[PDB]
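Report on the structure
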Amino acid sequence: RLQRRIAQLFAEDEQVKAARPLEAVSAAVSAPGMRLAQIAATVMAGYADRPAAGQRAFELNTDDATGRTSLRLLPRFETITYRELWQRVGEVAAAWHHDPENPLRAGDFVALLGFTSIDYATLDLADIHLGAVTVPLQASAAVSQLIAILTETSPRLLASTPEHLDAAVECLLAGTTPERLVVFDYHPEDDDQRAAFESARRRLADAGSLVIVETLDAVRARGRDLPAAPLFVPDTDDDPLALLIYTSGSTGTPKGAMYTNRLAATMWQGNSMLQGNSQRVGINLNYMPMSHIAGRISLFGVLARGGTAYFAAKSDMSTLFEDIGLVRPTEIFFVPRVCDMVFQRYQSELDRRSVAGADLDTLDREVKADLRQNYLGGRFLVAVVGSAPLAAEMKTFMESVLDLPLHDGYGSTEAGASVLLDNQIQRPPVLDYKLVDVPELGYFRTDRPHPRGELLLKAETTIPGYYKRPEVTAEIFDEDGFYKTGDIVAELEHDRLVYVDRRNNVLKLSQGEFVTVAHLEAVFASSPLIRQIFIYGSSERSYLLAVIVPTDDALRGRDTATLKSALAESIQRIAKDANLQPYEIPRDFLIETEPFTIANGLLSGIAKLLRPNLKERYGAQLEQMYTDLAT
Ligand SMILES: Nc1ncnc2c1ncn2[C@@H]1O[C@H](COP(=O)(O)O)[C@@H](O)[C@H]1O
């Protein structure tokens, strides 16, 4: 089936045919001495006349009752070519390099606060063009954390989308180093965005700040009237810092993972099997933020193949399936949250269509085909899931919907994106690994069917450490230079590993049994009644609780007691299918009707649960539930 789809595609679909990578360009990009900016330059020249990037079309609607004008999204995308994108980059790079008073120099830090967009890419590529160090701030971060990062990095420039200007201005009023505030993704005919921009300008002026607040459009206009900027190419023996990717773990404090010029280059053309992908057509919907490695690889990896990178219209996945259905990408990268959304759409549709006359011999297949064709676009050739665990049942469901394999990719900000693919160690980039016993969590080389322990890694893609964090950096490498992943794995055989959970997520119950709470959250995602779930336990208790956000369908026509009974029954079925032990099953739960979001601090920018924030939010209620059940 797949092979026939591909043949039809490459015979009838002119968009796909025109986007086929050029072997000659990929060869040039691969050349041994190519540095980061040269890769960018070579790609843009090589694919000049092709569509490179796309964003939702929009119009400006004026409500005559409020008199207010608002940007409204239209059901189509518009593109710009490689030539056009590189022209924009060149204008920015010229504006920054040839500035009469205070030009930017290689090694200077530039902070960017946004999502992922044509403008974001423009700014990011301009940093690369000049050898500036990009600091892609996590939009999920609290202002105090943003200020701490700015203090650490002392950037000379801050760029922000209008949605984040309130945060940007607070950062600048706190006396941080940026000399200019560049507003991008900016539509001045939208009254809300114009208000945000004018407020920023007014507030900084009122404070007596010397910061210059300007639009990206104005920066480009200035650059248009200047000579071309030099392309930064480091000494053959040098590998300067190019990028910091901030990441947070046990202690919620963000650390800046150091990406050198060479490490950042792997995001364009990697060396692994999946980041190699050299001849696959790359028509992509980018919905992960540029503040995450996955978002960067999604953009740069597609540009390196002369494909077309389409940007999702919103950062909270609220337009995701509209966007994917319009773009009809040839490849899709899933995070488990998105798989959940596909499953939840499937369940809603199946339930709705399961009427008296329905042929249940066939309805399941129809609903999945609807998802495959109309929600996922029907043109994808490959699919990958990563960033968090996907449970076996959900993986089987997804493969049934996709009608092709869902590759599981394991990696990290520290170690590299390509560590495991379908449980196989990837060489390159991996050089060596070992498992280390974790006695306190009951994981040993001598275990049940398979050795278990913490994964320690050597790889070409490991970071040198975290920016200005000497002690933390010392603690993440062992005495033989292995990076300590903090992740528990099971070793099926040499180079074949199964991810278990993060060490941090392993909980010992009062009876002595260990539970892996993120793994379990993934298992229960398969309940048709659960929209989201957070599992919580206490080492002083013998059983687990959960905070459950029910689906809208689950809530309909039920009171709390009946809803809890329904959820308990579904959890029981899921647990039996997944062969769980009794202690791995949540026994009681908090019903939460407000979903976890980026905005309320409970999801990350890639839609992973923020466990420290969930515990802060629900911990007191959950502990009270333990006592109330006790009494
Ligand atoms: N395929 C995967 N399966 C399970 N967990 C994963 C997978 N990929 C990444 N992770 C988790 O995500 C962490 C790294 O997240 P990040 O540095 O933000 O890229 C890892 O240490 C794992 O806990």
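Focus: the pairing of strand β11 (residues 308-311)
Across the two faces of β11 the burial is the same, with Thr308 and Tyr310 and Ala309 and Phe311 all buried. The pairing of strand β1 (residues 51-62) with β11 spans two bridges and is classified as parallel. By the bridge assignment, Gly54 is partnered in β11 with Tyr310. Across four bridges, the pairing between strand β10 (residues 283-286) and β11 is parallel. The residue bridging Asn286 from the neighbouring strand is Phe311, located in β11. Taken together, β10, helix α13 (residues 293-303) and β11 constitute a β-α-β crossover, and its handedness is right-handed.

With respect to the site of the ligand
Neighbouring the ligand are 15 residues, the closest being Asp408, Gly409, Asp487, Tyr499 and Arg502. Measuring from a nitrogen atom of the ligand, one finds a backbone N or O atom of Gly409 at 2.8 Å. Contact between the ligand and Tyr499: an oxygen atom at 2.8 Å from a side-chain N or O atom of the residue. Considering the ligand on its own, with 500 Å² of exposed area, one finds that the protein chains cover 90% of that surface. Of all the elements in the fold, those that place two or more residues in the shell around the ligand are β14 (407-412) and β20 (496-502). Counting residues per element, the shell around the ligand draws most heavily on β14, which supplies five residues. Residue classes in the shell around the ligand are distributed as four nonpolar, seven polar and four charged.

Some points on the environment of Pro528
Structurally, the position occupied by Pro528 is in the loop between α19 (517-524) and β23 (530-536). In this structure the C-alpha to C-alpha distance between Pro528 and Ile571, which are 43 residues apart in sequence, comes to 9.6 Å. Each residue touching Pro528, except ones within four places of it in the same chain, is listed here: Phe343, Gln347, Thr551 and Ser570.

Thoughts on helix α10 (residues 216-224)
What α10 keeps buried is the set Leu216, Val219, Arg220 and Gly223. Down the axis, α10 shows its buried residues gathered within 95° of arc, on one side only. Of the surrounding secondary structure, the elements contacted by the buried residues of α10 are α5 (82-97), α6 (118-130), β6 (180-183) and β7 (212-215).

Some thoughts on the domain arrangement of the protein chain
Split by domain assignment, the protein chain resolves into domain 1 (1-516) and domain 2 (517-631). The C-alpha-based centres of domain 1 and domain 2 are spaced at 29 Å. Contacts between the two partners involve 30 residues from domain 1 and, on the opposite side, 33 residues from domain 2. Summing both sides of the interface, domain 1 and domain 2 together bury roughly 2,600 Å²; the carbon and sulfur share of this comes to 60%. A per-residue breakdown of the area domain 1 buries against domain 2 is headed by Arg337, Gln344 and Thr516, which together make up 20% of the total. Run the count over domain 1 and domain 2 and you get zero salt bridges. Linking domain 1 to domain 2 there are 15 residue pairs in polar contact. Going through the elements one at a time, α15 (336-353), α17 (392-402), β20, β21 (506-508) and β22 (514-516) are the ones with two or more residues in the side of domain 1 that touches domain 2.

What counts and how
- Residues numbered from 1 in each chain as written, not as in the entry; some residues may be left out.
- Heavy atoms only, no water.
- Buried < 20%, exposed > 50% of the residue type's maximum accessible area, 1.4 Å probe, protein only.
- Helix = DSSP H or I, 4+ residues; strand = E, 2+ residues; numbered from the N terminus.
- Pairing = 2+ DSSP bridges.
- Right-handed = clockwise from strand over helix to strand, strands pointing away.
- Near = heavy atom within 4 Å.
- Polar contact = N/O pair within 3.5 Å; in protein donor to acceptor, adjacent residues only side chain to side chain.
- Areas by Shrake-Rupley, 256 points an atom, 1.4 Å probe, with all protein chains shown as cover.
- Nonpolar A, V, L, I, M, F, W, Y, C, P; charged D, E, K, R; others polar.
- Contact = heavy atoms within 4.5 Å.
- Arc of directions from axis to C-beta.
- Domains from an automatic or database assignment.
- Buried area = accessible area lost by both parts, 1.4 Å probe.
- Salt bridge = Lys/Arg side-chain N within 4 Å of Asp/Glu carboxyl O.

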